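Peer 1: Mind having a look at this structure? Questions to follow.
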4 protein chains.
Amino acid sequence: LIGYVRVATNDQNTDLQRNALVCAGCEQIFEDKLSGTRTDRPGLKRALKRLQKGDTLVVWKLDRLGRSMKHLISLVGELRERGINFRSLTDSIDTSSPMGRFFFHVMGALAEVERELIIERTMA
Amino acid sequence: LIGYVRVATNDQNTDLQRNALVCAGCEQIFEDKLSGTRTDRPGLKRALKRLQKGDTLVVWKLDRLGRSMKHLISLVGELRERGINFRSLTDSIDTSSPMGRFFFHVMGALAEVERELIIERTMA
Amino acid sequence: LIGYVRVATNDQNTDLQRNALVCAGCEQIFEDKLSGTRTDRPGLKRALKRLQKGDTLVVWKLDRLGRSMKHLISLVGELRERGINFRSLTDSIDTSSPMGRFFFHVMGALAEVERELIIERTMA
Amino acid sequence: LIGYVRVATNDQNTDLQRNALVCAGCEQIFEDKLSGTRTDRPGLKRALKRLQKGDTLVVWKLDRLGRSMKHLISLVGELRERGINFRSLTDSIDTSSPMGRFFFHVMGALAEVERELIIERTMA
């Protein structure tokens with residue numbers, strides 16, 4: 001029901017993210033800057049505020065969220081025990097079903113081990 | 001370097017777990033009761049005490065540990081950022097390498113979604 | 001609807017496999033010897049004979065079947081395009097749904113990479 | 001050592017694919033049209049011709065290859081038993097190691113179940 005988008009410094013690309021979010025059926029808008037820290041939540045804090053039990057979460061791609069699956073799992077799983085579920089759009093995954101949670105944390109597993117192998121490529 | 005085993009109330013099965021742990025190369029002994037709670041750590045607390053940076057963790061099977069991957073990932077990943085790594089025996093996985101962490105949290109993903117589908121089978 | 005069990009040379013363990021298969025709801029019986037080859041099908045050939053479109057497959061564990069996921073995927077996927085589906089019991093997976101096929105070939109992926117790491121442990 | 005790229009009808013995008021392939025270290029060039037069939041190999045047939053034992057395979061993304069993991073696994077696994085290995089670039093996976101084959105066929109698993117859920121979205 002509620003959507004959120006992450007980007008660096010340019011805000012023209014989010015306009016066509018926002019478009020597809022609305023079309024996918026959601027109510028409210030949230031967008032953040034990445035200039036500073038991408039694992040310290042800025043205006044995502046307000047997304048946790050305006051969210052209540054039964055409702056859901058809108059995400060284009062898992063990667064555009066935080067990527068660190070240690071930090072990821074230990075957050076979405078807290079909503080799981082707060083009564084609120086989460087779906088990922090072009091990732092194509094829901095947390096609603098136990099069978100469904102699986103694709104999630106293996107895509108979340110992949111998302112980290114993605115960054116973890118990409119970031120070490122920079123060294124040698 | 002340090003080993004730990006989980007069981008219900010009988011302690012003859014752990015004797016041949018202990019045997020294979022020693023053979024696999026480890027120093028100290030830790031064993032707990034399951035009578036009460038399996039997600040509230042009893043004498044595992046002492047395993048976190050006698051453990052220091054660089055050292056490792058010995059586990060026969062991931063399942064015999066806690067199973068709840070929300071609770072699992074948010075613990076081993078803390079050692080990952082504490083400088084201490086972890087290997088799983090007959091699960092056949094290490095956390096040492098980033099490529100290696102993968103098999104881990106998809107086996108940990110599996111371990112939860114195992115219990116999650118087993119426990120719901122009891123209902124209807 | 002139709003069940004199959006794999007074992008080495010002793011046939012007392014299959015009796016309590018057979019029991020749980022029947023209870024899980026299936027019609028016919030199939031059991032093979034492993035003395036010789038485990039990737040060359042013996043009396044499984046008859047299971048492909050007495051099987052028709054719409055019907056399903058009964059398996060206790062994926063491992064007790066062949067394990068080689070190159071050989072596995074390239075067989076079950078043939079039924080997938082023959083109109084016949086497959087479910088795995090204590091593995092807890094169906095091929096019926098596309099979302100469901102996933103847990104399958106990652107458990108099938110695991111089953112191979114299990115044997116592949118177990119068999120290389122024998123060397124050095 | 002040898003590279004291959006897949007595209008629809010425009011050939012300007014492959015020019016910057018080709019660029020990164022060369023930089024990643026490979027010898028020869030192969031590119032195909034997608035106008036007709038994407039699961040019936042056209043000028044990929046020549047890639048199987050000019051390839052010998054010990055050598056490797058270059059792929060930008062698994063998806064840009066065929067996607068059908070039934071058809072995928074039952075091909076790469078044939079090289080696996082032909083002595084020739086395969087690496088995937090921005091997918092970041094090799095088949096060289098048994099531990100490595102894993103990320104592969106779960107990314108290959110993902111690639112299919114990607115298309116399988118994308119293609120069914122078109123219906124209703």
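FYI, nothing fancy with the structure tokens labels: chains A, B, ... in order, residues from 1 per chain, ligands from 1 as they appear.
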Can you show chain B as a short mmCIF file (atom, residue, chain, number, x, y, z; two decimals) with N, CA, C and O atoms, in the first residue's frame once it has been least-squares superposed onto chain A, using every C-alpha atom paired in order?
Peer 2:
data_model
loop_
_atom_site.label_atom_id
_atom_site.label_comp_id
_atom_site.auth_asym_id
_atom_site.auth_seq_id
_atom_site.Cartn_x
_atom_site.Cartn_y
_atom_site.Cartn_z
N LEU B 1 0.81 -1.25 0.00
CA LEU B 1 0.00 0.00 0.00
C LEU B 1 0.83 1.29 0.00
O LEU B 1 0.37 2.31 -0.49
N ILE B 2 2.05 1.24 0.56
CA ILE B 2 2.92 2.42 0.63
C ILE B 2 4.29 2.19 -0.04
O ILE B 2 4.94 1.17 0.21
N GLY B 3 4.71 3.15 -0.86
CA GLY B 3 5.92 3.02 -1.69
C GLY B 3 7.12 3.86 -1.30
O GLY B 3 6.99 4.92 -0.67
N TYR B 4 8.31 3.37 -1.68
CA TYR B 4 9.59 4.01 -1.39
C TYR B 4 10.65 3.76 -2.47
O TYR B 4 10.82 2.63 -2.94
N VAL B 5 11.38 4.82 -2.82
CA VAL B 5 12.38 4.77 -3.89
C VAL B 5 13.72 5.38 -3.46
O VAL B 5 13.75 6.39 -2.75
N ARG B 6 14.83 4.76 -3.88
CA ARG B 6 16.18 5.19 -3.51
C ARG B 6 17.00 5.59 -4.74
O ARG B 6 16.97 4.91 -5.76
N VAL B 7 17.73 6.71 -4.62
CA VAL B 7 18.55 7.25 -5.72
C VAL B 7 19.73 8.10 -5.21
O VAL B 7 19.74 8.53 -4.05
N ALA B 8 20.71 8.34 -6.08
CA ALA B 8 21.95 9.06 -5.73
C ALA B 8 21.76 10.57 -5.54
O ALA B 8 21.75 11.05 -4.41
N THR B 9 21.63 11.30 -6.64
CA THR B 9 21.47 12.76 -6.60
C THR B 9 20.54 13.32 -7.68
O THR B 9 20.01 14.42 -7.54
N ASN B 10 20.35 12.55 -8.76
CA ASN B 10 19.44 12.94 -9.84
C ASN B 10 18.03 12.39 -9.62
O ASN B 10 17.86 11.24 -9.21
N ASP B 11 17.03 13.22 -9.88
CA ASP B 11 15.64 12.87 -9.56
C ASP B 11 14.69 12.77 -10.77
O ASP B 11 13.48 12.94 -10.62
N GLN B 12 15.24 12.51 -11.95
CA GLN B 12 14.43 12.31 -13.15
C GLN B 12 14.10 10.84 -13.38
O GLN B 12 13.06 10.51 -13.96
N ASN B 13 14.99 9.96 -12.93
CA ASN B 13 14.81 8.52 -13.03
C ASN B 13 13.73 7.98 -12.09
O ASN B 13 13.04 7.02 -12.42
N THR B 14 13.61 8.61 -10.92
CA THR B 14 12.59 8.23 -9.93
C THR B 14 11.17 8.54 -10.41
O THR B 14 10.21 7.95 -9.92
N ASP B 15 11.05 9.48 -11.35
CA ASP B 15 9.77 9.89 -11.91
C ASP B 15 9.09 8.74 -12.65
O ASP B 15 7.86 8.61 -12.61
N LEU B 16 9.88 7.92 -13.34
CA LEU B 16 9.36 6.74 -14.02
C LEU B 16 9.39 5.48 -13.14
O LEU B 16 8.84 4.45 -13.51
N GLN B 17 10.04 5.58 -11.98
CA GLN B 17 9.89 4.57 -10.93
C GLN B 17 8.55 4.80 -10.24
O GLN B 17 7.73 3.88 -10.12
N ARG B 18 8.35 6.04 -9.80
CA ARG B 18 7.12 6.51 -9.18
C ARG B 18 5.89 6.14 -10.01
O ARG B 18 4.89 5.66 -9.47
N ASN B 19 5.99 6.35 -11.32
CA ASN B 19 4.93 6.01 -12.27
C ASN B 19 4.47 4.55 -12.17
O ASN B 19 3.27 4.28 -12.06
N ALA B 20 5.43 3.63 -12.20
CA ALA B 20 5.15 2.20 -12.17
C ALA B 20 4.71 1.71 -10.79
O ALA B 20 4.00 0.71 -10.68
N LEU B 21 5.13 2.43 -9.74
CA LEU B 21 4.69 2.14 -8.38
C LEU B 21 3.20 2.42 -8.25
O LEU B 21 2.43 1.55 -7.81
N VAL B 22 2.80 3.62 -8.65
CA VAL B 22 1.40 4.04 -8.65
C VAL B 22 0.54 3.03 -9.42
O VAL B 22 -0.47 2.55 -8.91
N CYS B 23 0.97 2.71 -10.65
CA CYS B 23 0.28 1.72 -11.49
C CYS B 23 0.15 0.36 -10.82
O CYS B 23 -0.84 -0.35 -11.03
N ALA B 24 1.15 -0.01 -10.02
CA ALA B 24 1.14 -1.28 -9.29
C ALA B 24 0.22 -1.24 -8.07
O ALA B 24 0.01 -2.26 -7.42
N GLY B 25 -0.31 -0.06 -7.77
CA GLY B 25 -1.30 0.10 -6.71
C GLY B 25 -0.70 0.38 -5.35
O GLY B 25 -0.46 -0.54 -4.56
N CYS B 26 -0.47 1.66 -5.08
CA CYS B 26 0.01 2.12 -3.78
C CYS B 26 -0.46 3.54 -3.50
O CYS B 26 -0.88 4.25 -4.42
N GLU B 27 -0.37 3.95 -2.24
CA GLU B 27 -0.99 5.19 -1.79
C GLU B 27 -0.02 6.37 -1.70
O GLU B 27 -0.22 7.39 -2.36
N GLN B 28 1.03 6.23 -0.89
CA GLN B 28 1.88 7.37 -0.54
C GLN B 28 3.31 7.34 -1.12
O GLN B 28 3.79 6.29 -1.57
N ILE B 29 3.96 8.50 -1.08
CA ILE B 29 5.27 8.71 -1.72
C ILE B 29 6.41 8.89 -0.70
O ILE B 29 6.27 9.60 0.29
N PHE B 30 7.53 8.22 -0.97
CA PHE B 30 8.77 8.37 -0.19
C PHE B 30 10.03 8.23 -1.06
O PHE B 30 10.20 7.21 -1.74
N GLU B 31 10.90 9.24 -1.02
CA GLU B 31 12.16 9.21 -1.77
C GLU B 31 13.33 9.83 -1.00
O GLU B 31 13.17 10.86 -0.34
N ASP B 32 14.51 9.21 -1.10
CA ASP B 32 15.70 9.62 -0.34
C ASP B 32 16.93 9.94 -1.20
O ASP B 32 17.03 9.50 -2.35
N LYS B 33 17.85 10.70 -0.61
CA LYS B 33 19.18 10.93 -1.18
C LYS B 33 20.14 9.83 -0.73
O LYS B 33 19.98 9.26 0.35
N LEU B 34 21.14 9.54 -1.56
CA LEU B 34 22.16 8.55 -1.21
C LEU B 34 23.49 9.22 -0.87
O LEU B 34 24.44 8.56 -0.44
N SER B 35 23.54 10.54 -1.05
CA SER B 35 24.73 11.34 -0.74
C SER B 35 25.00 11.41 0.76
O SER B 35 24.39 12.20 1.48
N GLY B 36 25.91 10.56 1.22
CA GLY B 36 26.24 10.44 2.64
C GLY B 36 26.40 8.99 3.05
O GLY B 36 27.52 8.46 3.07
N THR B 37 25.28 8.35 3.39
CA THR B 37 25.25 6.94 3.78
C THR B 37 24.04 6.22 3.18
O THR B 37 22.94 6.77 3.15
N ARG B 38 24.25 4.99 2.70
CA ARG B 38 23.16 4.19 2.12
C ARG B 38 22.64 3.09 3.06
O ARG B 38 21.66 2.41 2.74
N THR B 39 23.31 2.93 4.20
CA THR B 39 22.87 1.97 5.23
C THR B 39 22.39 2.66 6.52
O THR B 39 22.03 1.99 7.50
N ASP B 40 22.39 4.00 6.51
CA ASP B 40 21.75 4.79 7.56
C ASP B 40 20.51 5.49 7.00
O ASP B 40 20.62 6.42 6.19
N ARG B 41 19.34 5.04 7.44
CA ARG B 41 18.06 5.49 6.88
C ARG B 41 17.73 6.96 7.18
O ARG B 41 17.79 7.39 8.34
N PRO B 42 17.40 7.73 6.13
CA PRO B 42 17.09 9.15 6.22
C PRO B 42 15.59 9.42 6.31
O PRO B 42 15.04 9.47 7.40
N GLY B 43 14.95 9.58 5.15
CA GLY B 43 13.50 9.78 5.09
C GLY B 43 12.73 8.48 4.93
O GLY B 43 11.58 8.48 4.51
N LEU B 44 13.39 7.37 5.26
CA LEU B 44 12.74 6.06 5.35
C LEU B 44 12.14 5.93 6.74
O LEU B 44 11.19 5.17 6.94
N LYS B 45 12.71 6.66 7.69
CA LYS B 45 12.22 6.71 9.06
C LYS B 45 10.74 7.10 9.11
O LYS B 45 9.98 6.55 9.90
N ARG B 46 10.35 8.04 8.24
CA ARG B 46 8.95 8.44 8.11
C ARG B 46 8.05 7.35 7.51
O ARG B 46 6.84 7.35 7.73
N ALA B 47 8.65 6.43 6.75
CA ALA B 47 7.90 5.31 6.17
C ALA B 47 7.51 4.28 7.23
O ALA B 47 6.48 3.62 7.12
N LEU B 48 8.35 4.15 8.25
CA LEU B 48 8.07 3.28 9.38
C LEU B 48 7.02 3.91 10.29
O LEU B 48 6.32 3.21 11.02
N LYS B 49 6.93 5.24 10.23
CA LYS B 49 5.98 6.02 11.03
C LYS B 49 4.55 5.86 10.51
O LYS B 49 3.65 5.44 11.25
N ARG B 50 4.34 6.19 9.24
CA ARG B 50 3.02 6.12 8.61
C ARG B 50 2.64 4.71 8.12
O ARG B 50 1.98 4.56 7.09
N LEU B 51 3.03 3.68 8.88
CA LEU B 51 2.73 2.29 8.51
C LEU B 51 2.13 1.51 9.68
O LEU B 51 2.65 1.54 10.80
N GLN B 52 1.03 0.79 9.41
CA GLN B 52 0.31 0.04 10.44
C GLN B 52 -0.02 -1.41 10.04
O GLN B 52 -0.01 -1.75 8.85
N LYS B 53 -0.32 -2.23 11.05
CA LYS B 53 -0.57 -3.67 10.89
C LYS B 53 -1.55 -4.00 9.76
O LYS B 53 -2.54 -3.29 9.56
N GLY B 54 -1.25 -5.07 9.03
CA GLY B 54 -2.08 -5.51 7.91
C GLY B 54 -1.66 -4.93 6.58
O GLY B 54 -1.80 -5.59 5.54
N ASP B 55 -1.14 -3.71 6.60
CA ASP B 55 -0.71 -3.00 5.40
C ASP B 55 0.53 -3.66 4.80
O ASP B 55 1.06 -4.61 5.37
N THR B 56 0.99 -3.16 3.65
CA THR B 56 2.17 -3.74 3.00
C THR B 56 3.24 -2.73 2.56
O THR B 56 3.07 -1.52 2.74
N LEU B 57 4.33 -3.25 1.99
CA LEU B 57 5.45 -2.44 1.54
C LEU B 57 5.73 -2.58 0.05
O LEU B 57 5.67 -3.68 -0.50
N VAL B 58 6.03 -1.46 -0.58
CA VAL B 58 6.29 -1.41 -2.02
C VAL B 58 7.77 -1.16 -2.30
O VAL B 58 8.35 -0.18 -1.82
N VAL B 59 8.37 -2.07 -3.06
CA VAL B 59 9.78 -1.97 -3.44
C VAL B 59 9.97 -2.41 -4.89
O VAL B 59 9.58 -3.51 -5.28
N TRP B 60 10.57 -1.51 -5.68
CA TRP B 60 10.95 -1.81 -7.06
C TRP B 60 11.95 -2.93 -7.10
O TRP B 60 11.66 -4.02 -7.60
N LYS B 61 13.14 -2.67 -6.54
CA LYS B 61 14.19 -3.68 -6.41
C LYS B 61 14.78 -3.70 -5.00
O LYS B 61 15.01 -2.64 -4.40
N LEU B 62 15.02 -4.91 -4.48
CA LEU B 62 15.61 -5.11 -3.15
C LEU B 62 16.90 -4.33 -2.95
O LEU B 62 17.14 -3.75 -1.88
N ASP B 63 17.73 -4.33 -4.00
CA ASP B 63 19.02 -3.65 -4.01
C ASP B 63 18.88 -2.16 -3.68
O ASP B 63 19.64 -1.63 -2.86
N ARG B 64 17.91 -1.51 -4.31
CA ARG B 64 17.63 -0.11 -4.03
C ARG B 64 16.85 0.02 -2.73
O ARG B 64 15.66 0.33 -2.73
N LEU B 65 17.54 -0.25 -1.62
CA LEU B 65 16.94 -0.28 -0.28
C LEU B 65 18.00 -0.30 0.84
O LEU B 65 17.81 0.34 1.88
N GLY B 66 19.09 -1.03 0.61
CA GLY B 66 20.18 -1.17 1.60
C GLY B 66 21.20 -2.25 1.29
O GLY B 66 22.39 -2.10 1.60
N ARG B 67 20.72 -3.36 0.71
CA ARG B 67 21.54 -4.47 0.17
C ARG B 67 22.18 -5.41 1.21
O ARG B 67 22.25 -6.62 0.98
N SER B 68 22.64 -4.84 2.32
CA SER B 68 23.24 -5.61 3.41
C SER B 68 22.21 -6.52 4.06
O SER B 68 21.40 -6.07 4.88
N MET B 69 22.23 -7.81 3.69
CA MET B 69 21.18 -8.76 4.12
C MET B 69 21.17 -9.03 5.63
O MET B 69 20.15 -9.47 6.17
N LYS B 70 22.28 -8.76 6.30
CA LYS B 70 22.32 -8.79 7.76
C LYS B 70 21.37 -7.72 8.30
O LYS B 70 20.57 -7.98 9.21
N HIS B 71 21.46 -6.53 7.70
CA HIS B 71 20.63 -5.39 8.06
C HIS B 71 19.23 -5.51 7.49
O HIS B 71 18.27 -5.05 8.11
N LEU B 72 19.10 -6.13 6.32
CA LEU B 72 17.79 -6.32 5.68
C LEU B 72 16.89 -7.28 6.44
O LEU B 72 15.88 -6.85 7.01
N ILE B 73 17.25 -8.56 6.46
CA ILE B 73 16.51 -9.59 7.19
C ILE B 73 16.10 -9.13 8.59
O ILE B 73 14.95 -9.30 9.00
N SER B 74 17.03 -8.50 9.31
CA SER B 74 16.77 -8.00 10.65
C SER B 74 16.03 -6.66 10.62
O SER B 74 16.47 -5.66 11.20
N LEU B 75 14.88 -6.64 9.93
CA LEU B 75 14.07 -5.44 9.77
C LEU B 75 12.70 -5.82 9.21
O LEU B 75 11.66 -5.53 9.81
N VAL B 76 12.72 -6.46 8.04
CA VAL B 76 11.52 -7.00 7.41
C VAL B 76 10.93 -8.10 8.29
O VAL B 76 9.71 -8.18 8.45
N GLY B 77 11.80 -8.92 8.88
CA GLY B 77 11.39 -9.97 9.81
C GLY B 77 10.76 -9.41 11.08
O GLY B 77 10.03 -10.12 11.78
N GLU B 78 11.06 -8.15 11.38
CA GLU B 78 10.47 -7.47 12.53
C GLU B 78 9.02 -7.06 12.24
O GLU B 78 8.18 -7.04 13.14
N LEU B 79 8.74 -6.74 10.98
CA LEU B 79 7.38 -6.44 10.53
C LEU B 79 6.57 -7.72 10.46
O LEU B 79 5.39 -7.74 10.80
N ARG B 80 7.23 -8.79 10.01
CA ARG B 80 6.69 -10.14 9.99
C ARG B 80 6.09 -10.51 11.36
O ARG B 80 5.05 -11.16 11.43
N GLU B 81 6.76 -10.07 12.43
CA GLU B 81 6.27 -10.28 13.80
C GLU B 81 5.56 -9.04 14.35
O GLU B 81 5.25 -8.97 15.54
N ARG B 82 5.29 -8.07 13.47
CA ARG B 82 4.50 -6.90 13.81
C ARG B 82 3.15 -6.93 13.07
O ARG B 82 2.31 -6.04 13.25
N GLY B 83 2.96 -7.95 12.23
CA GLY B 83 1.70 -8.16 11.52
C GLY B 83 1.63 -7.52 10.14
O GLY B 83 0.62 -7.66 9.45
N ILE B 84 2.70 -6.83 9.75
CA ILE B 84 2.77 -6.16 8.45
C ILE B 84 3.68 -6.91 7.47
O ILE B 84 4.80 -7.29 7.81
N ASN B 85 3.17 -7.13 6.25
CA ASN B 85 3.90 -7.88 5.22
C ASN B 85 4.55 -6.99 4.16
O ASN B 85 4.39 -5.77 4.18
N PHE B 86 5.30 -7.61 3.24
CA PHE B 86 6.08 -6.88 2.24
C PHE B 86 6.19 -7.63 0.90
O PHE B 86 6.43 -8.84 0.87
N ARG B 87 6.03 -6.87 -0.18
CA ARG B 87 6.15 -7.40 -1.54
C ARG B 87 7.20 -6.62 -2.32
O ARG B 87 7.35 -5.40 -2.14
N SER B 88 7.92 -7.32 -3.19
CA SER B 88 8.93 -6.71 -4.06
C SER B 88 8.50 -6.84 -5.53
O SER B 88 8.19 -7.93 -6.00
N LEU B 89 8.51 -5.71 -6.24
CA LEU B 89 7.89 -5.60 -7.57
C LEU B 89 8.57 -6.42 -8.66
O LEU B 89 8.14 -7.54 -8.95
N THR B 90 9.61 -5.86 -9.28
CA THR B 90 10.29 -6.55 -10.38
C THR B 90 11.22 -7.66 -9.87
O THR B 90 11.73 -8.46 -10.65
N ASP B 91 11.43 -7.69 -8.56
CA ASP B 91 12.04 -8.85 -7.90
C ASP B 91 11.02 -9.99 -7.90
O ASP B 91 11.39 -11.16 -7.94
N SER B 92 9.74 -9.61 -7.83
CA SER B 92 8.60 -10.52 -7.96
C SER B 92 8.38 -11.44 -6.75
O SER B 92 8.05 -12.62 -6.91
N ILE B 93 8.54 -10.89 -5.54
CA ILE B 93 8.46 -11.70 -4.32
C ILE B 93 7.60 -11.05 -3.23
O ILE B 93 7.68 -9.84 -3.01
N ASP B 94 6.80 -11.87 -2.54
CA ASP B 94 6.06 -11.45 -1.35
C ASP B 94 6.59 -12.15 -0.10
O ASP B 94 7.22 -13.21 -0.20
N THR B 95 6.33 -11.57 1.07
CA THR B 95 6.68 -12.19 2.35
C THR B 95 5.44 -12.81 3.00
O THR B 95 5.53 -13.50 4.02
N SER B 96 4.29 -12.54 2.39
CA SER B 96 2.98 -12.96 2.90
C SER B 96 2.92 -14.45 3.26
O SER B 96 2.51 -14.81 4.37
N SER B 97 3.36 -15.30 2.33
CA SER B 97 3.38 -16.75 2.55
C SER B 97 4.77 -17.22 3.01
O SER B 97 5.77 -16.61 2.63
N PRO B 98 4.83 -18.29 3.83
CA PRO B 98 6.10 -18.89 4.27
C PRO B 98 6.92 -19.43 3.10
O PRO B 98 8.15 -19.29 3.09
N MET B 99 6.24 -20.05 2.14
CA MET B 99 6.84 -20.45 0.87
C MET B 99 7.40 -19.23 0.14
O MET B 99 8.42 -19.31 -0.53
N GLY B 100 6.71 -18.10 0.29
CA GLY B 100 7.08 -16.85 -0.37
C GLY B 100 8.28 -16.17 0.25
O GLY B 100 9.08 -15.57 -0.47
N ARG B 101 8.40 -16.26 1.57
CA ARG B 101 9.52 -15.66 2.30
C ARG B 101 10.85 -16.19 1.77
O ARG B 101 11.86 -15.50 1.82
N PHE B 102 10.81 -17.41 1.25
CA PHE B 102 12.00 -18.08 0.74
C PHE B 102 12.67 -17.33 -0.41
O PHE B 102 13.81 -16.88 -0.25
N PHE B 103 11.97 -17.17 -1.54
CA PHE B 103 12.51 -16.42 -2.68
C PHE B 103 13.10 -15.10 -2.19
O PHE B 103 14.11 -14.63 -2.70
N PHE B 104 12.44 -14.51 -1.19
CA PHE B 104 12.86 -13.23 -0.62
C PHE B 104 14.29 -13.30 -0.08
O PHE B 104 15.18 -12.64 -0.63
N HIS B 105 14.52 -14.09 0.96
CA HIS B 105 15.82 -14.06 1.62
C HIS B 105 16.89 -14.83 0.90
O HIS B 105 18.03 -14.89 1.38
N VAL B 106 16.56 -15.42 -0.25
CA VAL B 106 17.61 -15.92 -1.15
C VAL B 106 17.93 -14.88 -2.22
O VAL B 106 19.02 -14.89 -2.79
N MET B 107 16.97 -14.00 -2.50
CA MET B 107 17.22 -12.84 -3.33
C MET B 107 17.94 -11.78 -2.51
O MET B 107 18.78 -11.04 -3.04
N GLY B 108 17.61 -11.73 -1.22
CA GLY B 108 18.29 -10.86 -0.26
C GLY B 108 19.68 -11.38 0.04
O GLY B 108 20.62 -10.60 0.20
N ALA B 109 19.81 -12.70 0.11
CA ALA B 109 21.11 -13.36 0.19
C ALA B 109 21.96 -13.00 -1.04
O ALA B 109 23.14 -12.63 -0.91
N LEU B 110 21.35 -13.12 -2.22
CA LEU B 110 22.01 -12.78 -3.48
C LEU B 110 22.42 -11.31 -3.53
O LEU B 110 23.53 -11.00 -3.95
N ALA B 111 21.52 -10.43 -3.10
CA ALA B 111 21.77 -8.99 -3.13
C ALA B 111 23.02 -8.58 -2.36
O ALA B 111 23.78 -7.70 -2.80
N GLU B 112 23.24 -9.20 -1.20
CA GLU B 112 24.43 -8.94 -0.38
C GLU B 112 25.66 -9.51 -1.07
O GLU B 112 26.58 -8.77 -1.40
N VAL B 113 25.66 -10.82 -1.29
CA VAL B 113 26.77 -11.53 -1.93
C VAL B 113 27.04 -10.99 -3.35
O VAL B 113 28.07 -11.29 -3.96
N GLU B 114 26.12 -10.17 -3.85
CA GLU B 114 26.33 -9.40 -5.07
C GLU B 114 27.32 -8.28 -4.75
O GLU B 114 28.45 -8.28 -5.23
N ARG B 115 26.88 -7.36 -3.89
CA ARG B 115 27.69 -6.23 -3.41
C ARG B 115 29.03 -6.67 -2.83
O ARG B 115 30.06 -6.04 -3.07
N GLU B 116 29.02 -7.78 -2.09
CA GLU B 116 30.20 -8.31 -1.42
C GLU B 116 31.29 -8.76 -2.39
O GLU B 116 32.48 -8.69 -2.08
N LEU B 117 30.88 -9.20 -3.58
CA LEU B 117 31.81 -9.63 -4.61
C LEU B 117 32.13 -8.50 -5.59
O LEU B 117 33.20 -8.49 -6.20
N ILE B 118 31.20 -7.56 -5.73
CA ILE B 118 31.41 -6.37 -6.55
C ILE B 118 32.40 -5.42 -5.87
O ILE B 118 33.29 -4.87 -6.52
N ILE B 119 32.24 -5.24 -4.56
CA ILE B 119 33.07 -4.30 -3.79
C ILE B 119 34.51 -4.79 -3.59
O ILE B 119 35.42 -3.98 -3.44
N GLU B 120 34.70 -6.11 -3.60
CA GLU B 120 36.03 -6.69 -3.45
C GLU B 120 36.79 -6.75 -4.79
O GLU B 120 38.01 -6.94 -4.82
N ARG B 121 36.04 -6.58 -5.88
CA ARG B 121 36.61 -6.53 -7.22
C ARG B 121 37.42 -5.25 -7.41
O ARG B 121 38.37 -5.21 -8.20
N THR B 122 37.03 -4.21 -6.67
CA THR B 122 37.67 -2.90 -6.71
C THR B 122 39.12 -2.94 -6.20
O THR B 122 39.96 -2.14 -6.63
N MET B 123 39.40 -3.87 -5.29
CA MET B 123 40.71 -3.98 -4.66
C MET B 123 41.78 -4.48 -5.64
O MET B 123 42.51 -3.67 -6.22
N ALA B 124 41.86 -5.80 -5.82
CA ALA B 124 42.80 -6.40 -6.76
C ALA B 124 42.16 -7.54 -7.54
O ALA B 124 40.97 -7.50 -7.84
#
Peer 1: Taking the backbone alone, and naming residues the way the document does, which bits of stretch 22-123 of chain D are helix (DSSP H, G or I) by DSSP, as a ChimeraX atom specification?
Peer 2: /D:22-23,45-49,69-80,98-118
Peer 1: Can you list every residue in stretch 20-73 of chain D that DSSP puts in strand (DSSP E), as an MDAnalysis selection string?
Peer 2: chainID D and resid 31:32 57:59
